[PDB]
Structure formats: structure tokens, C-alpha cells
Amino acid sequence: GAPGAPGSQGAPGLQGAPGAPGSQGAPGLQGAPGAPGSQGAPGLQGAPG
Amino acid sequence: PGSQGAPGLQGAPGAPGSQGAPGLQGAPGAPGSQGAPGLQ
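Residues numbered from 1 in each chain as written, not as in the entry; some residues may be left out. Chains lettered and ligands numbered in written order. Part of a larger assembly, values for the part shown. Heavy atoms only, no water.

In the PDB archive, cryo-EM is given as the structure determination method for this entry, at a resolution of 9.8 Å.

### Notes on the interface of chain A and chain B
We apply this condition: Contact between two residues is taken to exist if any of their heavy atoms lie within 4.5 Å; hydrogens are not considered. Accessible surface is computed with a 1.4 Å probe, and the buried area is the amount of it that two parts give up when combined, taken over both parts together. Think of a salt bridge as a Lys or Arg side-chain nitrogen and an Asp or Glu carboxyl oxygen that are within 4 Å of each other. What qualifies as a polar contact is a pair of N or O atoms within 3.5 Å, subject to a donor-acceptor requirement within protein and to the restriction that residues adjacent in sequence count only when both atoms come from side chains. Classification used: nonpolar for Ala, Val, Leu, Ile, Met, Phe, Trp, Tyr, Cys and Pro, charged for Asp, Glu, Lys and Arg, polar for all others including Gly.
In this complex, chain A contributes twelve residues to the contact, which on the side of chain B involves 14 residues. In terms of surface lost to chain B, no three residues of chain A exceed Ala11(A), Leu14(A) and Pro18(A), which account for 41% of the buried area on that side. Between the two partners, chain A and chain B, sit zero salt bridges. Along the contact surface separating chain A from chain B lie three residue pairs in polar contact. The residue makeup of the side of chain A that touches chain B, split by class, is seven nonpolar, five polar and no charged.

### As for unusual backbone geometry
Keep this limit in mind: A 1.4 Å probe rolled over the protein chains alone gives each residue an accessible area, and that area as a share of the maximum for its type sets the label: buried under 20%, exposed over 50%, partly exposed in between.
Of note in the backbone geometry, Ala5(A) takes a positive phi value of approximately 55° without being a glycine. The class for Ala5(A) is partly exposed, based on a relative accessible area of 29%. The phi dihedral of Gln25(B) is positive, around 85°, even though this residue is not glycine.

As C-alpha cells, this is what we get:
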């Protein structure tokens, strides 16, 4: 007997390349800034006195 | 007369002492520095 330690099965499985990816809260496009200014009442008359 | 004590028939271990299981690689190549292409 002793069939060369009769055949044993190979190793299947491991259905994944160990990358374990996955990204958290990624970046977001900057809000094009609203240039600061000041409301006002530009008219025509400023001090007619 | 029938065979003079075969010493382990020169050796028992067949498949035992061969490939055991597929590998996982030193590391699946680590992706470079990705993320935010900040612009605009």
C-alpha cells in the first residue's frame, strides 16, 4: 500500500485579493467664495445743502 | 526470502511535503496617494 501518502486535496478559497479597500468622507468641491462687500443705497444725491 | 526489510520504501511522505495553500502576496499593490484634486 502506502500510495505515497495517497493524494490530498489542494487549497481552494481565499476569494479576494487582500486589498480591503474603502474610502471615508472624501473631499468636496470648495464653495466658490462670495466676495465680501456691503449693501448700500447709491442714488444720485448725497448732500444737497 | 521475500524482500529484505524495505527501509520506509526509501521514504513515505508523498503529497505531504508539497504545496499547502495559495498565497495572499506580500501586499496587493498599495494604491498611491489618491483623494482630493482640489481646484477651482
